[PDB]
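Visitor: File name my_file.json; file contents JSON, C-alpha atoms and all ligand atoms; full text below.
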```
[["chain", "number", "residue", "atom", "x", "y", "z"],
["P", 40, "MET", "CA", 135.18, 120.27, 149.18],
["P", 41, "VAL", "CA", 136.49, 118.96, 152.52],
["P", 42, "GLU", "CA", 136.79, 115.15, 152.40],
["P", 43, "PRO", "CA", 136.90, 113.78, 156.00],
["P", 44, "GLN", "CA", 137.01, 110.17, 154.79],
["P", 45, "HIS", "CA", 136.10, 108.86, 158.26],
["P", 46, "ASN", "CA", 135.11, 105.55, 156.57],
["P", 47, "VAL", "CA", 138.50, 105.03, 154.88],
["P", 48, "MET", "CA", 139.93, 102.98, 157.77],
["P", 49, "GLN", "CA", 142.15, 100.59, 155.79],
["P", 50, "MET", "CA", 145.32, 101.79, 154.09],
["P", 51, "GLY", "CA", 147.03, 99.78, 151.37],
["P", 52, "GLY", "CA", 150.71, 99.21, 150.64],
["P", 53, "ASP", "CA", 153.48, 97.13, 152.26],
["P", 54, "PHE", "CA", 152.25, 97.86, 155.78],
["P", 55, "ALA", "CA", 148.53, 97.33, 154.99],
["P", 56, "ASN", "CA", 147.74, 94.52, 157.44],
["P", 57, "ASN", "CA", 150.41, 95.36, 159.99],
["P", 58, "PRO", "CA", 149.23, 95.74, 163.64],
["P", 59, "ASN", "CA", 152.36, 97.70, 164.54],
["P", 60, "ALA", "CA", 151.55, 100.32, 161.89],
["P", 61, "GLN", "CA", 147.96, 100.60, 163.17],
["P", 62, "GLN", "CA", 149.12, 101.06, 166.78],
["P", 63, "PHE", "CA", 151.65, 103.65, 165.61],
["P", 64, "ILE", "CA", 148.97, 105.64, 163.75],
["P", 65, "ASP", "CA", 146.80, 105.58, 166.91],
["P", 66, "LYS", "CA", 149.71, 106.92, 168.95],
["P", 67, "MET", "CA", 150.41, 109.78, 166.53],
["P", 68, "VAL", "CA", 146.74, 110.78, 166.41],
["P", 69, "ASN", "CA", 146.25, 110.50, 170.18],
["P", 70, "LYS", "CA", 149.54, 112.04, 171.33],
["P", 71, "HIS", "CA", 150.39, 114.58, 168.60],
["P", 72, "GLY", "CA", 147.13, 115.52, 166.93],
["P", 73, "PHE", "CA", 147.91, 113.84, 163.60],
["P", 74, "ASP", "CA", 145.00, 112.99, 161.28],
["P", 75, "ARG", "CA", 144.51, 109.25, 160.79],
["P", 76, "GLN", "CA", 143.62, 109.42, 157.08],
["P", 77, "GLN", "CA", 146.50, 111.80, 156.29],
["P", 78, "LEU", "CA", 148.93, 109.51, 158.10],
["P", 79, "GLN", "CA", 147.42, 106.43, 156.39],
["P", 80, "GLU", "CA", 148.06, 108.12, 153.02],
["P", 81, "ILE", "CA", 151.73, 108.66, 153.88],
["P", 82, "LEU", "CA", 152.27, 105.18, 155.27],
["P", 83, "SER", "CA", 150.45, 103.50, 152.36],
["P", 84, "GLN", "CA", 153.39, 104.77, 150.28],
["P", 85, "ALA", "CA", 156.06, 103.59, 152.75],
["P", 86, "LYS", "CA", 158.03, 100.55, 151.54],
["P", 87, "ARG", "CA", 159.11, 97.49, 153.55],
["P", 88, "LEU", "CA", 162.77, 97.15, 152.57],
["P", 89, "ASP", "CA", 164.35, 93.73, 152.88],
["P", 90, "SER", "CA", 167.81, 95.34, 152.56],
["P", 91, "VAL", "CA", 167.22, 97.51, 155.62],
["P", 92, "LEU", "CA", 166.31, 94.39, 157.62],
["P", 93, "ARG", "CA", 169.33, 92.39, 156.38],
["P", 94, "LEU", "CA", 171.73, 95.22, 157.21],
["P", 95, "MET", "CA", 170.34, 95.76, 160.72],
["P", 96, "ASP", "CA", 170.72, 92.01, 161.33],
["P", 97, "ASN", "CA", 174.32, 91.98, 159.99],
["P", 98, "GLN", "CA", 175.32, 94.31, 162.84],
["P", 109, "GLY", "CA", 196.64, 89.35, 164.35],
["P", 110, "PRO", "CA", 198.61, 91.51, 164.11],
["P", 111, "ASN", "CA", 197.18, 91.57, 160.59],
["P", 112, "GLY", "CA", 197.09, 95.34, 159.96],
["P", 113, "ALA", "CA", 193.45, 95.88, 160.95],
["P", 114, "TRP", "CA", 193.77, 99.56, 161.87],
["P", 115, "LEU", "CA", 195.80, 100.27, 158.72],
["P", 116, "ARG", "CA", 192.99, 98.92, 156.53],
["P", 117, "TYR", "CA", 190.30, 100.93, 158.34],
["P", 118, "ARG", "CA", 192.35, 104.13, 158.31],
["P", 119, "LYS", "CA", 193.02, 104.06, 154.55],
["P", 120, "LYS", "CA", 189.27, 104.04, 153.87],
["P", 121, "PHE", "CA", 189.18, 107.62, 155.18],
["P", 122, "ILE", "CA", 192.66, 109.14, 155.16],
["P", 123, "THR", "CA", 193.52, 109.49, 151.49],
["P", 124, "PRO", "CA", 194.89, 112.42, 149.46],
["P", 125, "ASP", "CA", 191.46, 112.99, 147.87],
["P", 126, "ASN", "CA", 189.68, 113.02, 151.24],
["P", 127, "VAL", "CA", 192.26, 115.22, 152.97],
["P", 128, "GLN", "CA", 192.18, 117.63, 150.03],
["P", 129, "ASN", "CA", 188.35, 117.75, 150.02],
["P", 130, "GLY", "CA", 188.52, 118.23, 153.79],
["P", 131, "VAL", "CA", 190.72, 121.30, 153.35],
["P", 132, "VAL", "CA", 188.20, 122.70, 150.85],
["P", 133, "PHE", "CA", 185.31, 122.17, 153.27],
["P", 134, "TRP", "CA", 187.17, 123.70, 156.24],
["P", 135, "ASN", "CA", 188.14, 126.83, 154.27],
["P", 136, "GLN", "CA", 184.65, 127.20, 152.82],
["P", 137, "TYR", "CA", 183.02, 127.02, 156.25],
["P", 138, "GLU", "CA", 185.81, 128.52, 158.35],
["P", 139, "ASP", "CA", 183.60, 131.18, 159.95],
["P", 140, "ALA", "CA", 181.01, 128.58, 161.06],
["P", 141, "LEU", "CA", 183.75, 126.26, 162.34],
["P", 142, "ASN", "CA", 185.37, 129.11, 164.31],
["P", 143, "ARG", "CA", 181.98, 130.13, 165.72],
["P", 144, "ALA", "CA", 181.31, 126.54, 166.82],
["P", 145, "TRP", "CA", 184.71, 126.46, 168.56],
["P", 146, "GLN", "CA", 183.87, 129.73, 170.37],
["P", 147, "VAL", "CA", 180.33, 128.71, 171.36],
["P", 148, "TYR", "CA", 180.77, 124.99, 172.09],
["P", 149, "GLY", "CA", 184.50, 124.51, 172.70],
["P", 150, "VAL", "CA", 184.72, 121.81, 170.00],
["P", 151, "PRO", "CA", 187.65, 122.30, 167.57],
["P", 152, "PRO", "CA", 187.32, 122.50, 163.77],
["P", 153, "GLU", "CA", 189.41, 119.35, 163.20],
["P", 154, "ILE", "CA", 186.90, 117.28, 165.16],
["P", 155, "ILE", "CA", 183.85, 118.68, 163.34],
["P", 156, "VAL", "CA", 185.58, 118.40, 159.95],
["P", 157, "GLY", "CA", 186.63, 114.83, 160.83],
["P", 158, "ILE", "CA", 183.10, 113.76, 161.82],
["P", 159, "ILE", "CA", 181.48, 115.22, 158.70],
["P", 160, "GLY", "CA", 184.25, 113.73, 156.55],
["P", 161, "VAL", "CA", 183.91, 110.21, 157.92],
["P", 162, "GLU", "CA", 180.12, 110.38, 157.88],
["P", 163, "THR", "CA", 179.38, 111.77, 154.40],
["P", 164, "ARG", "CA", 182.65, 112.95, 152.84],
["P", 165, "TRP", "CA", 181.37, 116.49, 153.46],
["P", 166, "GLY", "CA", 177.95, 116.09, 151.88],
["P", 167, "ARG", "CA", 178.94, 113.86, 148.95],
["P", 168, "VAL", "CA", 177.44, 110.64, 150.34],
["P", 169, "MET", "CA", 174.40, 111.40, 152.45],
["P", 170, "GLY", "CA", 172.33, 108.32, 151.74],
["P", 171, "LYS", "CA", 169.90, 107.26, 149.05],
["P", 172, "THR", "CA", 167.14, 105.57, 151.07],
["P", 173, "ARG", "CA", 163.87, 107.33, 151.91],
["P", 174, "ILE", "CA", 163.98, 107.92, 155.69],
["P", 175, "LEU", "CA", 160.27, 107.03, 155.89],
["P", 176, "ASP", "CA", 160.87, 103.59, 154.32],
["P", 177, "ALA", "CA", 163.82, 102.79, 156.56],
["P", 178, "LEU", "CA", 162.07, 103.86, 159.76],
["P", 179, "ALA", "CA", 158.71, 102.28, 158.91],
["P", 180, "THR", "CA", 160.49, 99.03, 158.01],
["P", 181, "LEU", "CA", 162.42, 98.98, 161.30],
["P", 182, "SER", "CA", 159.43, 100.10, 163.39],
["P", 183, "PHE", "CA", 156.88, 97.68, 161.93],
["P", 184, "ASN", "CA", 158.82, 94.60, 160.78],
["P", 185, "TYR", "CA", 161.78, 94.34, 163.18],
["P", 186, "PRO", "CA", 160.82, 93.25, 166.73],
["P", 187, "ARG", "CA", 164.38, 93.42, 168.10],
["P", 188, "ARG", "CA", 164.60, 97.21, 167.86],
["P", 189, "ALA", "CA", 160.98, 98.14, 167.10],
["P", 190, "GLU", "CA", 160.62, 100.33, 170.19],
["P", 191, "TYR", "CA", 163.75, 102.36, 169.42],
["P", 192, "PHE", "CA", 162.85, 102.82, 165.74],
["P", 193, "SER", "CA", 159.19, 103.63, 166.43],
["P", 194, "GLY", "CA", 160.49, 106.46, 168.63],
["P", 195, "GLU", "CA", 162.68, 107.58, 165.71],
["P", 196, "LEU", "CA", 159.74, 107.43, 163.27],
["P", 197, "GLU", "CA", 157.56, 109.42, 165.69],
["P", 198, "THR", "CA", 160.27, 112.09, 165.95],
["P", 199, "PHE", "CA", 160.91, 112.05, 162.20],
["P", 200, "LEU", "CA", 157.27, 112.78, 161.42],
["P", 201, "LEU", "CA", 157.29, 115.59, 164.01],
["P", 202, "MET", "CA", 160.52, 116.96, 162.49],
["P", 203, "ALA", "CA", 159.06, 116.96, 158.98],
["P", 204, "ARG", "CA", 155.92, 118.69, 160.30],
["P", 205, "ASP", "CA", 157.97, 121.39, 162.11],
["P", 206, "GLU", "CA", 160.63, 122.02, 159.43],
["P", 207, "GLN", "CA", 157.79, 121.82, 156.89],
["P", 208, "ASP", "CA", 159.32, 118.97, 154.88],
["P", 209, "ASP", "CA", 157.33, 116.40, 152.89],
["P", 210, "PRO", "CA", 158.28, 113.25, 154.87],
["P", 211, "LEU", "CA", 158.52, 111.21, 151.65],
["P", 212, "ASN", "CA", 161.12, 113.51, 150.09],
["P", 213, "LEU", "CA", 163.86, 113.07, 152.67],
["P", 214, "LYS", "CA", 166.63, 110.56, 152.06],
["P", 215, "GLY", "CA", 169.39, 109.14, 154.21],
["P", 216, "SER", "CA", 170.92, 105.93, 155.58],
["P", 217, "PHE", "CA", 169.51, 102.44, 155.89],
["P", 218, "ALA", "CA", 168.86, 103.27, 159.58],
["P", 219, "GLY", "CA", 167.24, 106.68, 159.01],
["P", 220, "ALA", "CA", 170.33, 108.89, 159.60],
["P", 221, "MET", "CA", 170.26, 112.31, 157.88],
["P", 222, "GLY", "CA", 172.31, 115.09, 156.34],
["P", 223, "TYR", "CA", 175.95, 116.12, 156.59],
["P", 224, "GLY", "CA", 176.41, 114.64, 160.08],
["P", 225, "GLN", "CA", 174.06, 111.64, 159.64],
["P", 226, "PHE", "CA", 171.90, 112.66, 162.60],
["P", 227, "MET", "CA", 169.19, 110.22, 163.68],
["P", 228, "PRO", "CA", 165.78, 111.88, 164.30],
["P", 229, "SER", "CA", 166.32, 111.65, 168.09],
["P", 230, "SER", "CA", 169.64, 113.51, 167.73],
["P", 231, "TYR", "CA", 167.87, 116.22, 165.72],
["P", 232, "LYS", "CA", 165.37, 116.51, 168.58],
["P", 233, "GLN", "CA", 167.89, 116.63, 171.42],
["P", 234, "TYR", "CA", 170.97, 118.20, 169.87],
["P", 235, "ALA", "CA", 170.44, 119.93, 166.52],
["P", 236, "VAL", "CA", 170.60, 123.73, 166.48],
["P", 237, "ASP", "CA", 169.84, 126.62, 164.14],
["P", 238, "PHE", "CA", 173.47, 127.64, 163.66],
["P", 239, "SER", "CA", 172.90, 129.47, 160.37],
["P", 240, "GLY", "CA", 170.48, 131.84, 162.10],
["P", 241, "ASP", "CA", 167.66, 131.50, 159.52],
["P", 242, "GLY", "CA", 165.16, 130.30, 162.14],
["P", 243, "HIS", "CA", 165.20, 126.71, 160.93],
["P", 244, "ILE", "CA", 167.20, 123.58, 161.69],
["P", 245, "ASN", "CA", 168.21, 121.92, 158.44],
["P", 246, "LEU", "CA", 170.41, 118.80, 158.74],
["P", 247, "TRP", "CA", 171.32, 119.28, 155.05],
["P", 248, "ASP", "CA", 172.55, 122.86, 155.61],
["P", 249, "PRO", "CA", 176.33, 122.67, 156.30],
["P", 250, "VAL", "CA", 176.29, 125.54, 158.81],
["P", 251, "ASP", "CA", 173.41, 124.04, 160.80],
["P", 252, "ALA", "CA", 175.19, 120.66, 160.62],
["P", 253, "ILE", "CA", 178.45, 122.11, 161.93],
["P", 254, "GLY", "CA", 176.72, 123.74, 164.89],
["P", 255, "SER", "CA", 174.66, 120.62, 165.55],
["P", 256, "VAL", "CA", 177.71, 118.32, 165.62],
["P", 257, "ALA", "CA", 179.40, 120.82, 167.97],
["P", 258, "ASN", "CA", 176.38, 120.89, 170.30],
["P", 259, "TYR", "CA", 176.18, 117.09, 170.25],
["P", 260, "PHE", "CA", 179.83, 116.97, 171.34],
["P", 261, "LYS", "CA", 179.48, 119.51, 174.17],
["P", 262, "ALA", "CA", 176.31, 117.72, 175.36],
["P", 263, "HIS", "CA", 178.26, 114.45, 175.52],
["P", 264, "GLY", "CA", 181.04, 115.92, 177.65],
["P", 265, "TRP", "CA", 183.65, 117.37, 175.29],
["P", 266, "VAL", "CA", 186.24, 119.25, 177.38],
["P", 267, "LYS", "CA", 187.57, 122.29, 175.50],
["P", 268, "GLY", "CA", 191.36, 122.12, 175.01],
["P", 269, "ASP", "CA", 191.80, 118.71, 176.65],
["P", 270, "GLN", "CA", 193.83, 115.95, 174.99],
["P", 271, "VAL", "CA", 191.94, 113.23, 173.07],
["P", 272, "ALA", "CA", 194.41, 110.34, 173.45],
["P", 273, "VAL", "CA", 198.18, 110.00, 174.04],
["P", 274, "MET", "CA", 200.23, 107.29, 172.35],
["P", 275, "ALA", "CA", 202.10, 104.97, 174.68],
["P", 276, "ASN", "CA", 205.61, 103.57, 174.51],
["P", 277, "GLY", "CA", 205.63, 99.89, 175.45],
["P", 278, "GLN", "CA", 203.22, 96.96, 175.24],
["P", 279, "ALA", "CA", 200.41, 95.89, 177.56],
["P", 280, "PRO", "CA", 199.40, 92.41, 176.28],
["P", 281, "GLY", "CA", 198.05, 91.29, 179.67],
["P", 282, "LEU", "CA", 195.28, 93.89, 180.00],
["P", 283, "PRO", "CA", 191.92, 93.81, 178.16],
["P", 284, "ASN", "CA", 191.67, 96.77, 175.76],
["P", 285, "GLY", "CA", 189.03, 98.87, 174.00],
["P", 286, "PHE", "CA", 187.27, 102.21, 174.36],
["P", 287, "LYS", "CA", 185.12, 100.87, 177.21],
["P", 288, "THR", "CA", 188.11, 99.85, 179.35],
["P", 289, "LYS", "CA", 189.29, 101.91, 182.33],
["P", 290, "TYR", "CA", 192.63, 101.73, 184.22],
["P", 291, "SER", "CA", 194.53, 103.99, 186.61],
["P", 292, "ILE", "CA", 197.76, 105.47, 185.24],
["P", 293, "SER", "CA", 199.48, 103.39, 187.92],
["P", 294, "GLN", "CA", 198.09, 100.10, 186.54],
["P", 295, "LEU", "CA", 199.09, 101.04, 183.00],
["P", 296, "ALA", "CA", 202.63, 101.78, 184.18],
["P", 297, "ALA", "CA", 202.80, 98.38, 185.94],
["P", 298, "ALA", "CA", 201.75, 96.80, 182.63],
["P", 299, "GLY", "CA", 204.76, 98.31, 180.84],
["P", 300, "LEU", "CA", 203.45, 101.60, 179.45],
["P", 301, "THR", "CA", 204.75, 105.18, 179.49],
["P", 302, "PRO", "CA", 202.99, 108.16, 177.84],
["P", 303, "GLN", "CA", 204.67, 109.95, 174.92],
["P", 304, "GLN", "CA", 203.20, 113.28, 176.11],
["P", 305, "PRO", "CA", 202.51, 114.34, 179.74],
["P", 306, "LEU", "CA", 199.07, 113.24, 180.97],
["P", 307, "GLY", "CA", 198.66, 116.30, 183.19],
["P", 308, "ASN", "CA", 196.06, 115.63, 185.89],
["P", 309, "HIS", "CA", 194.44, 112.60, 184.22],
["P", 310, "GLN", "CA", 194.53, 109.71, 186.71],
["P", 311, "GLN", "CA", 192.76, 107.08, 184.59],
["P", 312, "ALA", "CA", 192.51, 106.21, 180.91],
["P", 313, "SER", "CA", 191.11, 103.57, 178.60],
["P", 314, "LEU", "CA", 193.63, 101.21, 177.02],
["P", 315, "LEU", "CA", 193.37, 101.44, 173.23],
["P", 316, "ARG", "CA", 195.25, 99.05, 170.97],
["P", 317, "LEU", "CA", 195.69, 99.61, 167.24],
["P", 318, "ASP", "CA", 196.83, 96.82, 164.92],
["P", 319, "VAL", "CA", 199.55, 98.39, 162.75],
["P", 320, "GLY", "CA", 200.62, 95.19, 160.95],
["P", 321, "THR", "CA", 204.17, 95.00, 162.33],
["P", 322, "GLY", "CA", 202.69, 94.88, 165.83],
["P", 323, "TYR", "CA", 200.37, 96.72, 168.20],
["P", 324, "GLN", "CA", 200.34, 100.41, 169.02],
["P", 325, "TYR", "CA", 198.91, 101.20, 172.46],
["P", 326, "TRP", "CA", 197.29, 104.48, 173.51],
["P", 327, "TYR", "CA", 196.03, 106.12, 176.69],
["P", 328, "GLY", "CA", 192.42, 107.00, 175.80],
["P", 329, "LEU", "CA", 191.29, 110.19, 177.53],
["P", 330, "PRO", "CA", 187.72, 111.45, 178.14],
["P", 331, "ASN", "CA", 187.50, 113.34, 174.83],
["P", 332, "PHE", "CA", 188.25, 110.12, 172.93],
["P", 333, "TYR", "CA", 185.32, 108.45, 174.67],
["P", 334, "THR", "CA", 183.19, 111.48, 173.73],
["P", 335, "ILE", "CA", 183.96, 110.84, 170.04],
["P", 336, "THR", "CA", 182.77, 107.21, 170.46],
["P", 337, "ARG", "CA", 179.42, 108.66, 171.66],
["P", 338, "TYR", "CA", 178.87, 109.49, 167.95],
["P", 339, "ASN", "CA", 179.64, 105.91, 166.85],
["P", 340, "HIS", "CA", 180.63, 103.21, 169.37],
["P", 341, "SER", "CA", 183.95, 102.19, 167.83],
["P", 342, "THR", "CA", 187.65, 102.66, 168.61],
["P", 343, "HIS", "CA", 188.50, 102.61, 164.90],
["P", 344, "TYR", "CA", 185.79, 105.14, 164.08],
["P", 345, "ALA", "CA", 186.91, 107.62, 166.74],
["P", 346, "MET", "CA", 190.61, 107.28, 165.83],
["P", 347, "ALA", "CA", 189.77, 107.80, 162.11],
["P", 348, "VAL", "CA", 187.66, 110.86, 162.89],
["P", 349, "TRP", "CA", 190.46, 112.34, 165.00],
["P", 350, "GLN", "CA", 193.35, 111.56, 162.63],
["P", 351, "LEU", "CA", 191.42, 112.66, 159.53],
["P", 352, "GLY", "CA", 190.81, 116.00, 161.25],
["P", 353, "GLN", "CA", 194.51, 116.24, 162.14],
["P", 354, "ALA", "CA", 195.54, 115.40, 158.56],
["P", 355, "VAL", "CA", 193.26, 118.13, 157.20],
["P", 356, "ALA", "CA", 194.55, 120.68, 159.76],
["P", 357, "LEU", "CA", 198.12, 119.95, 158.59],
["P", 358, "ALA", "CA", 197.23, 120.06, 154.88],
["P", 359, "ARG", "CA", 195.74, 123.54, 155.48],
["P", 360, "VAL", "CA", 199.00, 124.87, 156.93],
["P", 361, "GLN", "CA", 201.04, 123.98, 153.85],
["P", 401, "NA", "NA", 169.34, 127.27, 160.45]]
```
Can you present the structure in this file as structure tokens?
Ligand code: NA
Guide:
Amino acid sequence: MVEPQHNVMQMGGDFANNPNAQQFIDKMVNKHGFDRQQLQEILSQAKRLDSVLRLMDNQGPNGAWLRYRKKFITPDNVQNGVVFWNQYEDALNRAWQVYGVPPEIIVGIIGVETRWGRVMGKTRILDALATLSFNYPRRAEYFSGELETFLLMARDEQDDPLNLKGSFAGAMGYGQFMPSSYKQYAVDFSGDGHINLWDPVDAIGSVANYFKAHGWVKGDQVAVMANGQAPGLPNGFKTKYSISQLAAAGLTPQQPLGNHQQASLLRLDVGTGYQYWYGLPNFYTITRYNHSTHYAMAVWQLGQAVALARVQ
């Protein structure tokens, strides 16, 4: 009947003679009460993916922003965005009321991440995380933490860990949440008692909670386009200047900045030249989802484009 298999101490597969995998199993057993043989059975099926390793290693004016923008802001995407917003309008409104994060932002994030559930990833999360945890020294500690959390997530949401698919880095569902984001920020927004990253309502609430947790200020401006050029100052989402310094550099805001006394200097390559912007706190909050000026601007503008297409 019950097969303890205490003597089955050597698992097979791609991670068979991997010390990192052995240490990881020990940690799960010691810290979380996992069973060594059960975990060995799961990991013996995990695959070491060369592609996952290659991709993690891989990471004017010439119209740079224009090229990035058109990857996301197209008639098909805007139209699908309108369909998603209308379909989940109650959840979006509820997220706005509870977290202070507007529908255009949530719709923009989910659109850029997975085209509203159409492209959620084809790689088994277990394979990606095991590969990065056991055969990638550079970020092994980070990924081992993600694998630990993933296995705990599967246990708690009662998922077979081998059945879940996602990105080459282990990101999941509509919002491409990493396991650590599920742990710290995902919420049961549907009200069914579970937190399902593949449930659009749970994903909407989870993205909203992630935003509020990272400082989203309800009703505050994201960024304000500037008139003028500031070629002498370094730019990017990580920069920080007083409004006074930006003025001395030749900039004026197109919309009043209210009480904001500092801003990042964003510069978008529009082909014919450069378009400068005053980046406000909420813009930086968007970059907390993906550290990129282009990403945050695409998320924001896609959401704006969808909001406008809904009005028509
Ligand atoms: Na739920």
Visitor: Taking only C-alpha atoms and all ligand atoms into account, which residues are within 9 Å of ligand NA 401 (chain P), as a list in words?
Guide: residues 236, 237, 238, 239, 240, 241, 242, 243, 244, 245, 246, 248, 250, 251 and 252 of chain P
Visitor: Please tabulate, as JSON lines, the residues of stretch 180-279 of chain P that come within 10 Å of stretch 289-296 of chain P, each with its closest pair of atoms and the distance in Å to one decimal, counting all atoms listed in the file and ordering rows by chain, then residue number upward.
Guide:
```
{"residue": "P:275", "atom": "CA", "partner": "P:295", "partner_atom": "CA", "distance": 9.7}
{"residue": "P:277", "atom": "CA", "partner": "P:296", "partner_atom": "CA", "distance": 9.4}
{"residue": "P:278", "atom": "CA", "partner": "P:295", "partner_atom": "CA", "distance": 9.7}
{"residue": "P:279", "atom": "CA", "partner": "P:295", "partner_atom": "CA", "distance": 7.6}
```
Visitor: Enter the distance from atom CA of residue P:95 to atom CA of residue P:194, in Å, rounded to one decimal.
Guide: 16.6 Å
Visitor: Measure the distance from atom CA of residue P:190 to atom CA of residue P:225 in Å and round it to one decimal.
Guide: 20.5 Å
Visitor: Got a sec: who's within 9 Å of stretch 207-217 of chain P, counting all atoms listed in the file, leaving out chain neighbours fewer than 4 positions off, as a list in words?
Guide: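 Non-adjacent residues within range: residues 81, 84, 85, 90, 91, 92, 94, 95, 169, 170, 171, 172, 173, 174, 175, 176, 177, 178, 199, 200, 202, 203, 221, 222 and 225 of chain P.
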Visitor: Per residue of stretch 68-187 of chain P within 6 Å of stretch 311-318 of chain P, what are the shortest atom pair and its distance in Å to one decimal, counting only C-alpha atoms, with rows by chain and residue number, as JSON lines?
Guide:
```
{"residue": "P:110", "atom": "CA", "partner": "P:318", "partner_atom": "CA", "distance": 5.7}
{"residue": "P:112", "atom": "CA", "partner": "P:318", "partner_atom": "CA", "distance": 5.2}
{"residue": "P:113", "atom": "CA", "partner": "P:318", "partner_atom": "CA", "distance": 5.3}
{"residue": "P:114", "atom": "CA", "partner": "P:318", "partner_atom": "CA", "distance": 5.1}
```
Visitor: Could you rebuild stretch 129-141 of chain P with N, CA, C and O atoms and give it back as a compact mmCIF listing (two decimals), in the frame of the given file?
Guide:
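Saved file rebuild02.txt follows:
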```txt
# COMPACT_ATOMS: atom_id res chain seq x y z
N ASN P 129 189.74 117.31 149.98
CA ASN P 129 188.35 117.75 150.02
C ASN P 129 188.04 118.31 151.42
O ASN P 129 187.25 119.26 151.56
N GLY P 130 188.70 117.75 152.43
CA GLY P 130 188.52 118.23 153.79
C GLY P 130 189.03 119.65 153.94
O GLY P 130 188.41 120.46 154.62
N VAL P 131 190.16 119.95 153.30
CA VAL P 131 190.72 121.30 153.35
C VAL P 131 189.74 122.28 152.70
O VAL P 131 189.47 123.36 153.25
N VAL P 132 189.16 121.87 151.57
CA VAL P 132 188.20 122.70 150.85
C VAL P 132 186.97 123.01 151.70
O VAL P 132 186.53 124.16 151.79
N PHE P 133 186.48 121.99 152.41
CA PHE P 133 185.31 122.17 153.27
C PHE P 133 185.62 123.12 154.44
O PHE P 133 184.86 124.04 154.72
N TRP P 134 186.75 122.88 155.11
CA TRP P 134 187.17 123.70 156.24
C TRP P 134 187.27 125.18 155.84
O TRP P 134 186.71 126.05 156.51
N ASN P 135 187.97 125.46 154.74
CA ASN P 135 188.14 126.83 154.27
C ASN P 135 186.81 127.49 153.90
O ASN P 135 186.54 128.63 154.26
N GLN P 136 185.96 126.72 153.24
CA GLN P 136 184.65 127.20 152.82
C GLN P 136 183.77 127.57 154.01
O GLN P 136 183.07 128.59 153.99
N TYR P 137 183.84 126.77 155.07
CA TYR P 137 183.02 127.02 156.25
C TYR P 137 183.82 127.42 157.48
O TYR P 137 183.40 127.17 158.61
N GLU P 138 184.94 128.11 157.25
CA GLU P 138 185.81 128.52 158.35
C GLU P 138 185.12 129.39 159.39
O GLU P 138 185.35 129.21 160.58
N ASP P 139 184.27 130.33 158.96
CA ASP P 139 183.60 131.18 159.95
C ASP P 139 182.67 130.35 160.85
O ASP P 139 182.64 130.56 162.06
N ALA P 140 181.92 129.42 160.27
CA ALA P 140 181.01 128.58 161.06
C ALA P 140 181.82 127.69 162.00
O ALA P 140 181.44 127.52 163.16
N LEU P 141 182.91 127.12 161.50
CA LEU P 141 183.75 126.26 162.34
C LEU P 141 184.34 127.05 163.51
O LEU P 141 184.33 126.59 164.65
```
